[PDB]
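Trainee:
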DNA sequence: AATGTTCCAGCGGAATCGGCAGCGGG
DNA sequence: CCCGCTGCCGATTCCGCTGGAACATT
């Protein structure tokens, strides 16, 4: 579902074995889990700040939960992330936080592992939202919570399957007791370490999936196929500021109005017109008139014909491409025509040409529906979906003409040394990972301001060049390029 | 900086002839020129428009020596195009049925350019022609006017009606003349203007000719 | 003055949901 | 004329994208 917010309950182990660092001074696994949950909060508070997150402690001494089982402590009932909750968990970092944990609730007890799963189920079941995925991350290192009891183990397995049928998927990341994954737990039955990503993989991102347009691709008289116009790439930008009242930090509820026809008195949207003063004379017309002089067609795509992909030269770019994909629910059988067009156009290497009109009152604009073929493998590399790509076509004045009065070639021997350099610097472009320095820095400064901790981090700009790396990895050939035919000559 | 365009457009009877069944070349040229001046006026750019009509009723020309330089009226000098210059084309139904020549309008265009290139700096000089190429061409002087074009460093542009060699209405990315739109007088007119323009700067001029 | 950024305004998708009609029974 | 459901369809809320207008800079 579109409005299905994701849920995640953190179930960490506080029994005995995470408050000792296996005779090391590196990190106690309880602290490791708290670090991981801090990371997840700070990630989803700017990535998915509508998902619900919860922290629950088991194996503790005192208890808190809606059922009043012993040794189960729900630190936070599941809800949207916030700074308050990140701080509430931050007070358990390190050994000082370890002893704070010791004194507020206190580790060491006989947990059940079947009451705690029941508490997690109740948490999931007590929220009034549509949930897309229920998932529970179990932070534990112990293998046999049933070391002295088999009835307890059977009840735990029963309740685990009892969770699973209601769509609650338990996944387990084990805090390595000796610091390496050789403790192979036999609980492949209960569950459905891969944890460094969970410490820091996604500094900043977003989540959605939506049409952005539901149009009719009409075959110029009556053959109309409903179709969605998705946005595959968007250029996200920082959230807009909120006007906030100094003395109390409250939203201020702006209100704009126009008045004072030299008198003082509110002007309704009906007693004003729109004018443009050209040369000396002023042209006046009303709001609906100035909305309707840009109106050519109805929303939708209309084929202008077909052109092979070759003669639309791929530097005519002005607007990021969109993605045509068939939508059957509006008019039935559209996907059949869409598939037929996709296959035939791919085999002929011909892209459709349409007159695009996204909204009701907007000038038409020429687009090319370039077919793209879905690619996939055994590994299931679903990195491009089948359908069309709307390349927006410039008209005549979106183009600009340049000086062009310069034509001087270089001798066919500098090309060789530039080839040397470029093959030296040749590198695979990317799959991801050029995150916006401005956006990332904004997020980090905002994190610092909200958690007022120490002072804001410095995002490492992946965009910057590794200048010394290039200089050393080329060595003594760039200077050979500099002075082969053209000295400064003073 | 600035620019100055001196339009010369025909109003002769043959160019303003009756509709064969599609349009009239006078109306098409009027639409093109009104679109040009429309863009200029509403773009609020610092350019001057000097409009002259060849093949008019009278001859309100700065120079009219005897028989030659006739039926040509310099309606506007190089001045900022206002709504007056646009309503003028909107209020110019009269063709003034005296078809005389077009090269006379060209030499008048150079004359007015030199007459008005005073006190106003200009980096570009352009002159536009709209002609059915149906009148008797004048060969009073051709080489010297070419030399004048070369020395004055100006570039012209010639537009001609549908006659170049489906129901072509205005523009449809297709044919220009419906079945056969040219006559031998128009044939030789196209020939002479082509050779003149080629002699001016060659194939680029052959590229700068549009229906 | 040329442009990039910010800001404001407007349109649409999607989910929800309430009541507006029209349609049978009393 | 009532009375009652019950489809269902309109409008709201929430997002999000785009466009237009305003800003500030060399």
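Residue numbers (the working numbering), protein chains in the order written: chain A, 1 to 490; chain B, 1001 to 1211. Just so it is clear, CB atoms sit at the ideal spot from N, CA and C, and this is done for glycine as well.
#1: Determine, using beta carbons only, whether residue 1041 of chain B comes closer than 8 angstroms to chain A.
#2: Whole angstroms is fine: what's the gap from residue 372 of chain A's alpha carbon to residue 339 of chain A's?
#3: Kindly confirm or deny that the segment 170-182 of chain A and the segment 88-104 of chain A touch, where touching means at least three C-beta pairs closer than 8 angstroms.
#4: Going by DSSP, which residues form a beta bridge with residue 135 of chain A?
#5: Pull the bridge partners of residue 1047 of chain B from the DSSP assignment, please.
#6: Starting from residue 300 of chain A, follow the beta strand (DSSP E) in both directions and report where the run begins and ends.
#7: At which residues does the beta strand (DSSP E) containing residue 356 of chain A begin and terminate?
#8: Looking at C-beta atoms only, is the number of pairs between the segment 276-293 of chain A and the segment 346-359 of chain A that lie closer than 8 angstroms three or more?
#9: For residue 416 of chain A, does the three-state DSSP call read helix, strand or coil?
#10: Three or more C-beta pairs closer than 8 angstroms, one from the segment 1084-1100 of chain B and one from the segment 1111-1128 of chain B: is that the case here?
#11: Answer with yes or no whether the minimum CB distance from residue 2 of chain A to chain B is below 8 angstroms.
#12: Less than 8 angstroms between the C-beta atoms of residue 74 of chain A and residue 65 of chain A, yes or no?
#13: Based on DSSP bridge pairs, tell me the residues matched to residue 369 of chain A.
#14: Does chain B have any CB closer than 8 angstroms to the CB of residue 356 of chain A?
#15: Is there a C-beta anywhere in chain B that falls below 8 angstroms from the one on residue 278 of chain A?
#16: Which residues, in order along the segment 1081-1105 of chain B, keep a beta-carbon less than 8 angstroms from a beta-carbon of chain A?
#17: Could you please tell me which residues of the segment 273-297 of chain A, in chain order, have their CB closer than 7 angstroms to any CB of chain B?
#18: For residue 86 of chain A versus residue 42 of chain A, is the C-beta distance shorter than 8 angstroms?
#19: Give me the residue from B:1178, B:1209, B:1052 with the minimum Cα distance to residue 1194 of chain B.
#20: Which class does residue 60 of chain A belong to by DSSP, given the choice of helix, strand or coil?
#21: I'd like to know if residue 1128 of chain B contacts chain A, where contact means its C-beta is closer than 8 angstroms to some C-beta of that chain.
#22: Ends of the alpha helix (DSSP H) at residue 1107 of chain B?
#23: In chain order, which continuous runs of the alpha helix (DSSP H) of length 4 or greater are located wholly inside the segment 168-224 of chain A?
#24: Which value, in whole angstroms, describes the spacing of the CA atoms of residue 260 of chain A and residue 252 of chain A?
#25: For residue 1060 of chain B, collect the residues of the same chain with a Cβ closer than 6 angstroms to its Cβ; drop the 5 residues on either side in sequence, then sort them by chain order.
#26: Does the beta-carbon of residue 1096 of chain B, which I'm using as the reference point, lie nearer than 7 angstroms to any heavy atom of the ligand MN?
#27: Would you mind telling me which residues of chain A sit closer than 9 angstroms to residue 1044 of chain B, beta carbon to beta carbon, in chain order?
#28: Could you pull out every residue in the same chain whose Cβ sits closer than 6 angstroms to the Cβ of residue 140 of chain A, ignoring the five residues on either side in sequence?
#29: Hey, quick one: how far does the beta strand (DSSP E) through residue 1126 of chain B stretch, first residue to last?
#30: Pull the bridge partners of residue 1008 of chain B from the DSSP assignment, please.
#31: Tell whether a beta-carbon distance below 8 angstroms holds between residue 35 of chain A and residue 199 of chain A.
#32: Let me know the secondary structure DSSP gives residue 1205 of chain B once reduced to three states.
#33: At which residues does the beta strand (DSSP E) containing residue 77 of chain A begin and terminate?
#34: Going by the CB atoms, is the gap between residue 1023 of chain B and residue 1170 of chain B shorter than 8 angstroms?
#35: Please report the residue range of the beta strand (DSSP E) in which residue 1158 of chain B lies.
#36: Would you call residue 1152 of chain B buried or exposed, if buried means 16 or more other Cβ atoms sit within 10 Å of its Cβ?
Mentor: Let me spell this out:
#1: yes
#2: 11 angstroms
#3: Counting Cβ pairs under 8 angstroms, fewer than three are found: no touch.
#4: In the DSSP assignment, residue 135 of chain A is bridged to A:8, A:169.
#5: DSSP, once it has assigned bridges, lists B:1003 as partnering residue 1047 of chain B.
#6: 300-308
#7: 350-357
#8: no
#9: helix
#10: no
#11: Not a single C-beta of chain B is nearer than 8 angstroms to the C-beta of residue 2 of chain A.
#12: Yes, Cβ-Cβ distance for residue 74 of chain A and residue 65 of chain A is below 8 angstroms.
#13: A:352, A:390
#14: By the rule that beta-carbons nearer than 8 angstroms mark a contact, residue 356 of chain A does not touch chain B.
#15: yes
#16: Cβ contacts with chain A come from 1082, 1083.
#17: 278, 279, 281
#18: yes
#19: When each option's Cα is compared against that of residue 1194 of chain B, the closest is B:1209.
#20: Residue state, collapsed to three classes: strand.
#21: Output row for residue 1128 of chain B: interface = no.
#22: 1103-1116
#23: The qualifying runs are 196-199.
#24: 24 angstroms
#25: 1073
#26: In terms of ligand content, the structure shown is empty, and the ligand MN therefore cannot be addressed.
#27: 278, 279
#28: The beta carbon of residue 140 of chain A sits closer than 6 angstroms to those of 13, all from its chain and outside the five residues before and after it, given in chain order.
#29: From DSSP, the beta strand (DSSP E) with residue 1126 of chain B extends over 1125-1130.
#30: B:1052, B:1129
#31: Yes, these two residues count as a Cβ contact at 8 angstroms.
#32: helix
#33: Its beta strand (DSSP E) spans residues 72-79.
#34: yes
#35: 1155-1159
#36: exposed
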